[PDB]
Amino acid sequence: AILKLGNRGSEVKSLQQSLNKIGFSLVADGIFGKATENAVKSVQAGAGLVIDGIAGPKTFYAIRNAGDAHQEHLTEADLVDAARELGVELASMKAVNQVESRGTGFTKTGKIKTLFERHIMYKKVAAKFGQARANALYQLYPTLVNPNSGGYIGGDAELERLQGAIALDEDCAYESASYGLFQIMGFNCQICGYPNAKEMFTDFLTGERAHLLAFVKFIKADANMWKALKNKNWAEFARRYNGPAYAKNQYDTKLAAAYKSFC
C-alpha cells in the first residue's frame, strides 16, 4: 500500500532514503515527520506539481526522475487556473481536488482512467437505432450492451471494453464511458466544452489539466453546486456532487479538513 504516504510509519524509510539520494538530509527514521513532509513539498515545488505534502504516484515519479514530473501530471499552476476560472480561493480548489478527484487521471501504463458503463451503452444504442437492435446487441454482447449496470473489470481493461463498444458504434461507445481524473462521463462532453464525446476523450489524452478544466466547466454547469463551492458550503457541494450519502463517506468533512490544511 505504498500508493500514497501522508503521515505514516512504514517503509516510508525507503522514501526518505530516496529523498536523500536526490540531495536531502532526512534522518531515514521510517516515520513521516514534518521534515519528511517538507522534503516532499520541496520536491513537488521543484517539479511544478501540486504542493500538498502527499507522496503520491506523481511525487514518486518526480523522485525517481531527478525532480522532473511527467507532463501529464496535474500542476499547481493548473489548480490556480481552475480556481481563477471558478472564482474561488486556491485553497478551496486544492481541497476539492484532493477530496473529489481520483488519485491520478491515468493508469500505471499511461492509459487514461476509464470505466465503461454498459447500461449507458444500451440506452444510447436504443435511442440511436431500434430498440430491437438494442435488444439484439444485449443478447449478443451483454458485457458491452445491457439494460443493467455494467459488469466492470480492472481499470485498464475498460479501454478494451470501450474499443469493443466502438466496434458496434463509435459515438455511443464514447458517450457510454467515464474518463480521467474526475471520471467525467462521455455524454457530458458538451457540458465541459466539447462538440462530441470522441473529442473530449482525445483531448483528455493530453494530460490531467484537460480533466481539471472539464471538471471546472462541469461545476460551473450546476449553478447551485458552483454557489456552494463559492460559499465554501462543503455539505451542499458534497451533496450535489457526491450524492445523498455524502455524509456517510465524510465527504464534506474531508473537504473542510483539506481546506483548513490549505489555508
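Just count from 1 along the sequence shown to find any residue number.
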Stretch with the higher entry mean CA B-factor, where the candidates are 31-39 and 210-218: 31-39
Read off the CA B-factors in the entry, average them over 88-96 and over 149-157, and name the higher stretch. 149-157
In terms of the chain's CA B-factor thirds, is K111 lowest, middle or highest? middle
Looking at the entry's B-factor column for C-alpha atoms only, identify whether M225 ranks in the lowest, middle or highest third of its chain. highest
Would you mind checking where the Cα B-factor of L74 ranks among the modelled residues of its chain, as the lowest, middle or highest third? lowest
In terms of the CA temperature factor given in the entry, to which third of its chain does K123 belong: lowest, middle or highest? middle
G105 - which third its CA temperature factor falls in, relative to the rest of the chain: lowest
